[PDB]
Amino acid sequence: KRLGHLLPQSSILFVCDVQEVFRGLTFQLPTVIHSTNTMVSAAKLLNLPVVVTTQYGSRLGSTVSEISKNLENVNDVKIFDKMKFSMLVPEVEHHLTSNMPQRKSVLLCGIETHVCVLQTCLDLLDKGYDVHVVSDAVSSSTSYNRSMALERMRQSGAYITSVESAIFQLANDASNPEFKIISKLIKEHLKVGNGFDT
């Protein structure tokens, strides 16, 4: 079975290579940034660990300030500086195996869809993880490479979801104690248009 159920206690958020250099070059970057912050804010509300990564941070900068300020509150965040395109460096793999072996569901955000996101996805699939690509929160230099990467990841087994669909999947019940604050986050997230909804 390939169902891609999402449980808060079995899930972890991945944010890939959202640097300041790629500002002004990524297709629909404001949507990518706004959507990723909604995921991060959701990660706090359902106690999801967050793994954040930077690619050649020396000559490409750090994570953009919009998400960096959001990440301060989150209880469990570890930031990895890498130069492998895939996020699954031995340090990240050890983090997942040593501190959260029961979490086999990865919610994947970041850029570029067809470079770091894709390679992270395939390595995660190789290691037996369920990969959930948040299509709202991934993009590339061109729209062509974003749409291609989504389908290329899909044909390898990755579930392609959205910010709202993933979050309501993790909520699973409006009668849960967290639903009221989940709804506020969703309502606030809807106040900005989706740049990919063409």
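Quick note: we count residues from 1 along the sequence shown, nothing fancier.
- Averaged over Cα atoms, the B-factor as recorded in the entry is higher for 50 to 58 than for the other of 50 to 58 and 139 to 147.
- Here the stretch with the larger average CA B-factor, out of 174 to 182 and 7 to 15, is 174 to 182.
- Of all the options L29, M153, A166, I67, the entry's greatest CA B-factor is assigned to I67.
- For the set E91, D76, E112, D126, the maximum C-alpha B-factor listed in the entry falls on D76.
- The entry lists a Cα temperature factor for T161 that places it in the lowest third of the chain's modelled residues.
- Among the modelled residues of the chain, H34 sits in the middle third by CA temperature factor in this PDB entry.
- Ranked within its chain, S105 lands in the middle third, by CA B factor from the PDB record.
- In the deposited entry, the Cα temperature factor of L122 places it in the lowest third of its chain's modelled residues.
- Among the modelled residues of its chain, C116 has a C-alpha B-factor that falls in the middle third according to the deposited record.
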